[PDB]
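First the structure, in the form of structure tokens, and then the observations on it.
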Amino acid sequence: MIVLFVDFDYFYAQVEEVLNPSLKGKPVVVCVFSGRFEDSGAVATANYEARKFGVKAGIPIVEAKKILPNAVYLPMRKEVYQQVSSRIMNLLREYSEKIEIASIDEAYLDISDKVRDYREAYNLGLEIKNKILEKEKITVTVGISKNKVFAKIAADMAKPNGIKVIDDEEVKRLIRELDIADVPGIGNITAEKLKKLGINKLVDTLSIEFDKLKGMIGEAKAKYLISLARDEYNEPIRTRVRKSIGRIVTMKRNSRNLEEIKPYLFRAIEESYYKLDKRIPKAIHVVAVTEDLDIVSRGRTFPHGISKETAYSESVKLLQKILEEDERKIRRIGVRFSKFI
DNA sequence: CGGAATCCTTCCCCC
DNA sequence: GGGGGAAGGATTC
Ligand SMILES: Nc1nc2c(ncn2[C@H]2C[C@H](O)[C@@H](COP(=O)(O)OP(=O)(O)OP(=O)(O)O)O2)c(=O)[nH]1
Ligand SMILES: [Ca+2]
Ligand SMILES: [Ca+2]
Ligand SMILES: [Ca+2]
Ligand SMILES: [Ca+2]
């Protein structure tokens with residue numbers, strides 16, 4: 001079982017560099033401007049030049065600006081990045097039919113059959129890196145190991161512009177040594193629940209009774225961490241399909257008035273339907289971000305597909321359910337469509 | 001800020 | 001008891 005994982009370097013910012021190569025070597029910050037005030041919003045991502053001074057995804061644009069007032073600041077152009085991404089995914093398909101497209105810039109390949117060992121896999125990685133650099137001018141990091149999770153960890157270790165193999169020797173070392181928060185699927189909230197159980201590396205998950213562990217982090221994540229620590233995680237590379245299309249926008253002011261919020265809600269529906277492109281959903285959810293950054297939602301599944309008129313009509317009802325049930329002001333409002341025919 | 005998958009809890013109808 | 005599904009949250013990348 002040889003898995004090869006491809007993670008494109010600093011993706012959105014690198015694409016902006018490709019479309020304007022004079023950006024190269026400058027600090028580049030790709031931003032999402034919320035329209036609430038001058039430079040309100042956040043960093044989607046940044047190239048390494050900006051990153052090494054602390055400008056990274058998630059910080060406010062305002063804070064980025066005071067660290068690096070002279071950086072290049074660009075609005076996020078997701079549609080472009082998506083088209084570049086799928087071209088790169090298409091080239092990867094030429095190296096295996098077993099491909100899992102995990103996000104806009106991550107893919108796993110099953111190269112068990114195209115390759116005999118880690119030496120040949122490491123060479124196939126170099127072929128792949130070079131191919132993408134030649135055809136689209138994008139640097140990527142490659143991780144190689146015996147399963148998806150360890151291929152991913154490999155990439156995290158080698159980035160940027162890297163390639164790394166975690167064989168079987170190193171896999172066993174990492175179970176004892178890798179900080180458990182660096183395990184994919186362990187975010188901040190789970191990392192902290194695991195600390196309380198005194199689980200600081202993967203190996204610790206075996207020293208603890210299962211029912212306790214699933215008591216804390218849930219059954220799925222429990223079985224997940226256990227198989228990994230046991231060196232028997234072996235999930236298949238699986239072709240993934242879109243299950244839901246949606247869109248959420250930020251309001252210029254926090255509000256509670258139905259008629260203040262509606263045009264934002266309707267805009268979200270309009271873009272959501274364009275994105276849907278001949279897909280017909282049976283389910284709609286109205287999603288609200290309240291003033292305290294909390295996320296509330298109300299939804300409805302239909303026996304049939306939802307027409308645009310029905311989306312418009314139903315969304316107002318669900319938004320009304322939200323305002324009836326939750327006393328707080330709304331900051332962001334949007335919709336999500338799913339259960340496609 | 002933003003898009004989306006998977007998972008968890010609760011509640012429900014009912015064999 | 002338990003299957004099957006929906007709803008509203010929680011959590012991750
Ligand atoms: N709007 C938004 N987009 C994000 C955020 N984080 C990541 N993205 C987008 C932009 C990234 O370029 C892309 C890929 O995610 P990554 O975690 O791999 O970061 P990135 O590629 O920028 O750099 P990396 O090489 O992994 O260090 O997804 C975020 O907090 N907000
Ligand atoms: Ca990346
Ligand atoms: Ca990534
Ligand atoms: Ca983490
Ligand atoms: Ca049950």
Side-chain angles (χ1 to χ4, degrees), chain A residues 5 7-8 11-12 29-37 39-46 56-64 73-79 81-82 85 100-108 148-149 152-153 155-156 181-194 214-225 235 238-252 264 268 271-272 275-276 281-290 293-303 318 321-322 325-326 331-340:
Chain A
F5 173 79
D7 198 350
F8 310 154
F11 192 49
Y12 294 179
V29 185
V30 172
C31 305
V32 184
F33 301 88
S34 77
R36 304 211 61 174
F37 51 89
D39 307 325
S40 68
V43 176
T45 191
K56 58 178 170 188
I59 79 177
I61 303 175
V62 167
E63 245 69 89
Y73 292 82
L74 302 166
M76 178 168 81
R77 303 186 291 177
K78 176 105 158 175
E79 333 75 19
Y81 320 140
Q82 186 53 70
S85 176
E100 181 164 324
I101 304 183
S103 72
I104 190 153
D105 80 331
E106 285 181 46
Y108 303 80
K148 299 199 283 217
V149 173
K152 180 157 182 38
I153 289 166
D156 293 341
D182 294 327
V183 184
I186 311 307
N188 278 340
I189 270 115
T190 307
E192 214 44 87
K193 296 182 191 171
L194 293 164
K214 71 158 303 313
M216 258 305 241
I217 75 184
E219 172 162 82
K221 213 168 270 303
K223 292 176 178 290
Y224 173 69
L225 292 181
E235 288 303 284
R238 150 236 207 172
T239 291
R240 293 188 211 172
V241 267
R242 272 308 128 264
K243 286 163 160 23
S244 93
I245 288 308
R247 163 66 154 146
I248 293 165
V249 304
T250 301
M251 287 173 57
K252 291 212 164 289
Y264 297 96
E271 309 177 21
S272 285
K275 287 198 210 158
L276 274 172
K282 298 176 273 107
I284 183 182
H285 286 265
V286 168
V287 195
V289 186
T290 64
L293 284 72
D294 214 50
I295 308 164
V296 200
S297 78
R298 290 304 185 281
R300 176 129 177 255
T301 300
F302 288 85
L318 299 168
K321 217 199 184 328
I322 299 180
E325 249 96 320
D326 220 273
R331 185 179 171 99
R332 309 175 66 236
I333 191 70
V335 289
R336 179 137 302 277
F337 292 96
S338 62
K339 308 200 185 158
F340 298 160

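Keep in mind that the numbers below use all heavy atoms, side chains included, and drop hydrogens, waters and symmetry copies. Protein chains get the first letters and strands the later ones, always in sequence-line order, with residue 1 at the start of each.
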For C:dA6, does OP1 or OP2 lie under 4.0 Å from any side-chain N or O of A:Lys339? yes

Would you say A:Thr301 reaches C:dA7's phosphate, i.e. side-chain N/O to OP1/OP2 under 4.0 Å? yes

Tell me what A:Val289 touches on the nucleic acid: a base, only sugar-phosphate, or nothing, going by heavy atoms under 4.0 Å. nothing

With sugar-phosphate meaning primed atoms plus P, OP1 and OP2, does A:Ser40 contact a base, only sugar-phosphate, or nothing at under 4.0 Å between heavy atoms? nothing

Out of B:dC7, C:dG9, C:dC13, minimum distance to the side chain of A:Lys152 belongs to C:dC13

Under 4.0 Å between any heavy atoms, over every strand shown, what does A:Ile245 touch: base, sugar-phosphate, or nothing? Just pick one. sugar-phosphate

Can you tell me how far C1' of B:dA4 sits from CG of A:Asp105, to the nearest Å? 14 Å

Roughly, in whole Å, what's the span from CD1 in A:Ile186 to P in B:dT6? 17 Å

From the list C:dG9, B:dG3, B:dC8, which nucleotide is the closest neighbour of the side chain of A:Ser297? C:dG9

For A:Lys152 and A:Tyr108: C-alpha separation, side-chain torsions, deciding distance, then whether side chain to side chain contact (heavy atoms under 4.5 Å, CB included) applies. CA-CA 9 Å; A:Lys152 180 157 182 38; A:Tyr108 303 80; 3.3 Å; yes

Picking from B:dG3, C:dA7, B:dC8, the nucleotide nearest the side-chain atoms of A:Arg300 would be C:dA7

Using a 4.0 Å heavy-atom cut-off, does A:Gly334 contact any base of the nucleic acid, only the sugar-phosphate backbone, or nothing at all? nothing

Rounded to the Å, how far apart are A:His285 NE2 and C:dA7 P? 6 Å

Kindly say whether A:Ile61 contributes a backbone atom to a donor-acceptor pair with the side chain of A:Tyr73 at under 3.5 angstrom? no

From the list B:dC8, C:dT12, B:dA4, which nucleotide is the closest neighbour of the side chain of A:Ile189? C:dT12

Just how far, in rounded Å, is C1' of B:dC8 from NZ of A:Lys214? 9 Å

Among the nucleotides B:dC1, B:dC7, C:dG8, which one has an atom lying closest to any side-chain atom of A:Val32? B:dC1

What nucleic acid atoms does A:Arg331 come within less than 4.0 Å of, heavy atoms only: base, sugar-phosphate, or nothing? sugar-phosphate

Could you give the NZ-to-P distance, from A:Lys243 to B:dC7, as a whole number of Å? 11 Å

Reading DNA chain B from 5' onward, which residue's closest nucleotide shows up sooner: A:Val241 or A:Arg36? A:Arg36

Counting only side-chain nitrogens and oxygens, does A:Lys193 get under 4.0 Å of the OP1 or OP2 atom of C:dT11? yes

Just N and O in the side chain of A:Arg247: are any of them under 4.0 Å from OP1 or OP2 of B:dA4? no

I want to check a possible cation-pi pair here: A:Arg77 against A:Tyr81, using under 6.0 Å from ring centre and within 45° of the ring axis as the test. no

Between B:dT6 and A:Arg240, is there an OP1 or OP2 to side-chain N/O distance shorter than 4.0 Å? no

Is it true that A:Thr301 and A:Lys339 share a donor-acceptor pair across their side chains at a distance under 3.5 Å? yes

Take the protein atom CZ of A:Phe11 and the nucleotide atom P of B:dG3, then report the distance between them rounded to whole Å. 17 Å

From A:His285 NE2 over to A:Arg298 CZ, what is the distance, rounded to the nearest 0.5 angstrom? 11.5 Å

How long is the line joining NZ of A:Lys221 and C1' of B:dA5, in whole Å? 11 Å

Please work out if A:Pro184 contacts a base, only the sugar-phosphate, or nothing of the nucleic acid, heavy-atom cut-off 4.0 Å. sugar-phosphate

Would you please confirm or rule out a distance under 4.0 Å between OP1 or OP2 of B:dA4 and any side-chain N or O of A:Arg242? no

Rounded to whole Å, please give me the gap between CZ in A:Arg336 and P in C:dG8. 16 Å

Can you see if the side chain of A:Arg238 gets near the phosphate of B:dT6 - specifically, an N or O under 4.0 Å from OP1 or OP2? yes

Closest nucleotide of DNA chain B for A:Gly58 versus for A:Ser244: which of these residues is on the 5' side? A:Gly58

What verdict does the side chain to side chain contact (heavy atoms under 4.5 Å, CB included) test give for A:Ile104 and A:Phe8, after you've listed the backbone C-alpha separation in whole Å, the side-chain angles of each residue and the deciding distance to 0.1 Å? CA-CA 9 Å; A:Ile104 190 153; A:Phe8 310 154; over 6 Å; no

Within the pair A:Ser103 and B:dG3, is there a side-chain N or O less than 4.0 Å away from OP1 or OP2? no

